[PDB]
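Everything below concerns the one structure shown next.
Numbering (full-length UniProt numbering), first residue to last: 2751 to 3500.
Right, here's the structure in full:
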């Protein structure tokens, strides 16, 4: 029954029963579950033995082992929680101790025996009958948990920082498909005026940290954007429920994380007096026994709303299928190191003077923030690099390394804390660019810095126009962030987009007279006076085209694939910069019964407004390739044919991918989300070949749009509300300024 599967999940899984196989046979374990007196007898003899070794520290060892058993079952967090027996053996945060106070293995047995007594009486009765009538089934299930435990222990024992911080008795659990629970600030949430969230409680916090009023908000079943929920979306390996190397938690949800040195020392001596609150803070311990961070826990009662599943058979399959995926991503990083060594070998062989353009990564690092991230690098990749190069050797090209660190000149904040945003200088540069490219009216309704979009529309017809301008705006802004991340300087784009817009603008105007001068040539079959005038006119225009800076793109044909496919008078608005008014003109051609349906109106693929959006989208790609081509030629020193080779592999023709969704459904915003997804896959595949150093760095050095979920409550980006059809946001302030991640291997698989 479904109740028996849940009892087995709590008994075998959450109590870490696999640790008993070190000293007891499989038949003896089945005897413990069938007799409560045996459990009480084992505790009595185990307590006496540990008391002799512990000595005067017996009171503290007993207290901390009982507190841990409370968390593993009922989820309660006490004061100064120690997550495993390795930390309890050293009594971190209680007394200064130079080693294990007692036997680590003995303490492990006592902790899991204590938590076995905390289980429900009805729950224990179910396990007793199964252990007697299903002998062959129960033994096989126990053996699976032994295999799951060894893999985690193999990764955890590699580093001492993650050895003292991994959770004991961790087993995955999944929420209900569709629901969402977040913790948000009260004042910031009020101004959004969202109509899908309900406040279900308040966040009290602890007395050691002072902050603004917070609360819990819950969202019932709905439809969410793809690749935003249901997966961990983490680019780092996890052992024991925490990140390998740092010790930060990723298998659960926390309200925040504090890592700054001056602030952490402020919390430390405030909790020495005492702690009070429903949500105490959990510390993170160093290798020497100090404290390096703090975390904000979550009330266990608020997790009941998520309707979590605890099916033992299903969650083991999720556990093993996730360990395999982590192993494959680990092996991929080893092959990249082999390629980096092969390139370094040839250059030195050709000439001994080529070593002047290489930097030792594992050696001394001058940059402090860069150096700290290097130390916490995964230990499995460190040994592989040392195997090929030598003792503390990792040489990479200096020019390729500078590109991978071009993000830090424009971003501020810390990724782990969760407050990494663009610098105010960067925003004032991007904001002025969108106003010039798009219409002035469009800027007022899209990037309003005080009000959301839904608060600025008060007519049923204006909803259709507003929902159409969003799609080109998202594509225009997404490309700017993506090219900024890849090392292109900010000041280059700021001075080149107006230059390229002007060059493109005069192209259609000049092409307009040439596109119909052939009609006059057909009517010029006669006296040479008509021919003489036409011949000079057409040749003069073409000579002007030859001198344009974007000419090489024109000859390739990709720059004029759709320019010559159709000429209309209203399309001059797009080239001028009146996109918002260009949408109104095509909106009035809709039927009266459709225009007045507002957000309920279904737009067909045959209408003129539908094809107007597609024309504008390819007009944004008009400028994207122009900037990239200059970058690969001016500051990269590449041939005019090499640059055009790379451009063709990062853009696709959208006429081959019509929507394939149901009728009677608003699939306008969902179709463009999937189209933009495929183009991101091609970009990631190109970055691997043309920049092996950047791909390896992206999973080592924290950076915005480089790491996925960090354990904090799920946050959206610009690409998320586009697919969901919402309007309670704006692309100019707060949320909505975030861009999707750029990790190459992450995008290929997720």
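From the three backbone atoms N, C-alpha and C, an ideal C-beta is built for every residue, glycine too.
Where residue i and residue j are concerned, what is the direct C-alpha to C-alpha distance, given to the nearest angstrom?
i	j	result
residue 3159	residue 3172	10 Å
residue 2998	residue 3322	54 Å
residue 3030	residue 2828	7 Å
residue 2910	residue 3006	24 Å
residue 3019	residue 3027	17 Å
residue 3291	residue 3155	44 Å
residue 3468	residue 2976	13 Å
residue 3065	residue 2921	8 Å
residue 3169	residue 3083	28 Å
residue 2823	residue 2950	24 Å
residue 3263	residue 3357	28 Å
residue 3375	residue 3193	24 Å
residue 3389	residue 3351	50 Å
residue 3257	residue 3293	12 Å
residue 3325	residue 2994	52 Å
residue 2875	residue 3051	26 Å
residue 2833	residue 2914	8 Å
residue 3407	residue 3362	16 Å
residue 3461	residue 3137	33 Å
Following the continuous alpha helix (DSSP H) through residue i, name the residue where it begins and the one where it ends.
i	result
residue 2908	No alpha helix (DSSP H) contains residue 2908, which DSSP labels as neither H nor E.
residue 3243	3240-3272
residue 2752	2752-2758
residue 3369	3358-3384
residue 2929	Premise fails: residue 2929 is in no alpha helix (DSSP H) and is neither H nor E.
residue 2864	2854-2866
residue 3440	3418-3440
Any idea if residue i is buried or exposed, counting beta-carbon neighbours within 10 angstroms, 16 or more meaning buried?
i	result
residue 3004	buried
residue 3550	Here the chain covers residues 2751 to 3500 and nothing more, so residue 3550 does not appear.
residue 3231	buried
residue 3301	exposed
residue 2870	exposed
residue 3332	buried
residue 2720	No statement about residue 2720 is possible, as the shown extent of the chain runs from 2751 to 3500 and does not include it.
residue 3454	buried
residue 3133	exposed
residue 2980	exposed
residue 3200	exposed
residue 3252	exposed
residue 2783	buried
residue 3118	exposed
residue 2986	buried
Would you mind reading off the limits of the beta strand (DSSP E) that contains residue i?
i	result
residue 3450	Run containing residue 3450: none; DSSP gives neither H nor E here.
residue 3033	3031-3035
residue 3007	3006-3008
residue 3213	Not the beta strand (DSSP E): residue 3213 falls in the alpha helix (DSSP H), residues 3210-3235.
In chain order, what residues of the same chain have a beta carbon less than 6 Å from the beta carbon of residue i, not counting five sequence neighbours either side?
i	result
residue 3021	2958
residue 3043	3009 and 3034
residue 2889	2776
residue 3237	3153 and 3156
residue 2769	2858 and 2862
residue 2793	2863
residue 3531	Residue 3531 lies beyond the range of the chain shown here (2751 to 3500); nothing can be said about it.
residue 3483	3199
residue 2969	2930, 2946 and 2947
Per the DSSP calculation, residue i is bridged to which residue(s)?
i	result
residue 2989	2992
residue 3142	Note: residue 3142 sits in no beta bridge, so no partner.
residue 2964	2935 and 2953
residue 3045	3007 and 3032
residue 3304	None; residue 3304 has no bridge partner.
residue 3147	3108
residue 2999	2992
For residue i, which residues of its own chain have a beta-carbon under 8 Å away from its beta-carbon, when the five flanking residues on both sides are left out?
i	result
residue 3191	3330 and 3331
residue 3338	3345
residue 2891	2758, 2762 and 3062
Excluding sequence positions up to five away, which residues of its chain have a Cβ less than 7 Å from the Cβ of residue i?
i	result
residue 3507	Given that the chain is displayed from residue 2751 to residue 3500, the structure contains no residue 3507 and the question cannot be resolved.
residue 3473	2975, 3419, 3420 and 3423
residue 2919	2764, 2765, 2766 and 2822
residue 2902	2989 and 2990
residue 3397	3375, 3378 and 3379
residue 3240	3160, 3176, 3179 and 3234
residue 2942	3202 and 3478
residue 2935	2962 and 2964
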